[PDB]
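Backbone-built Cβ (ideal geometry, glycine too); neighbour counts: all protein chains shown. No lab work stands behind these numbers, since they all come straight from the coordinates.
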Ligand SMILES: Nc1ncnc2c1ncn2[C@@H]1O[C@H](CSCC[C@H](N)C(=O)O)[C@@H](O)[C@H]1O
Ligand SMILES: Cn1cc(-c2ccccc2)cc(O)c1=O
Ligand SMILES: [Cl-]
Ligand SMILES: [Mg+2]
């Protein structure tokens, strides 16, 4: 099996069905004790939690699902009726994420789409009946953060106040995105220093709030 399948099995055997916090704790334990994996993790996850609670977003888009850790993390804090859409290019991972969400009992709040963000984003309004997004979590390949941000604006998916929250702005880093949002009068940016998941390595999240017209 793969590491991702091992993580899912560990959750199924070490967490409580329908209990998202137990799911997160199981993944974090596995990744600290058994095998590292690129989940956003608990340190950065606590910052994410605080941001989600501040904005209470009704519609969140996540780019990059992997095994579903961050989707579980965000969806467990959404208000009744609020929704998360997550995009995942790797079909094996999309299938694991669906199973992870099912186990957590969050399947009614989350829609996991198997495809590339750059292909799915232009379909959100017409196919998925999206108007604008309240929050976007960027956590896919780091060279897509900037192009997908520009694409989201082109497609009319950002509004005044839309919150972009970007993982890994230090490690691996996303230099073009970071320079762009920090230099743009159309974003108000804040940096949240933290640590790479499961490791004693500095990382951080960037929050970039869209201001533009
Ligand atoms: N263009 C793209 N569109 C959708 N998914 C992408 C993508 N490029 C990479 N990915 C996916 O982005 C993921 C990065 S890891 C995501 C970790 C997850 N957010 C968590 O914290 O739990 C990988 O699973 C990868 O397959
Ligand atoms: C995509 N991705 C990759 C890493 C990573 C991979 C290899 C060494 C260090 C970091 C961490 C992430 O949070 C992430 O989203
Ligand atoms: Cl952590
Ligand atoms: Mg990440």
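When each of 135, 38, 74 is scored by the number of other beta-carbon atoms lying within 10 Å, the sequence from fewest to most is 38, 135, 74. Helical runs (DSSP H, four residues minimum) scored at -39500 (n - 2.57) apiece and divided by the length of the chain put the mean residue ellipticity at 222 nm at -12500 deg cm²/dmol. Each Cα pair under 8 Å and six or more residues apart adds its sequence gap; the mean of these over the residue count of the chain is a relative contact order of 19 percent. Here the spin labels are modelled as points 7 Å beyond Cα on the Cα-Cβ line, and at residue 190 and residue 32 they lie 2.6 nm apart. Of all the options 138, 113, 164, the one that moves most in a Gaussian network model of the chain with Cα springs shorter than 10 angstrom is 113. With both residues required to sit in the chain, DSSP beta bridges show an antiparallel share near 40%. For the chain, find the longest principal axis of its Cα atoms and tell me its angle to the long axis of helix 20-33, 0 to 90°, nearest 10. Between helix and principal axis, roughly 80 degrees.
The angle separating the long axis of helix 3-14 from the principal Cα axis of greatest extent in the chain is about 60 degrees.
Please tell me the relative contact order of the stretch 1-110 in percent, rounded to the nearest whole number, where contacts are Cα pairs under 8 Å and at least six residues apart. It comes to 31 percent, rounded to a whole number. Residues considered: 178, 150, 84. Largest GNM mean-square fluctuation over the chain, using C-alpha springs under 10 Å, is found at 150.
Per-residue Cβ neighbour counts within 10 Å put 112, 209 in the sequence 209, 112, beginning with the fewest. With respect to the chain, whose longest principal axis is taken over its alpha-carbon atoms, helix 145-154 is tilted by about 50°.
Across the chain, the convex hull enclosing all Cα atoms gives 106 Å³ per residue.
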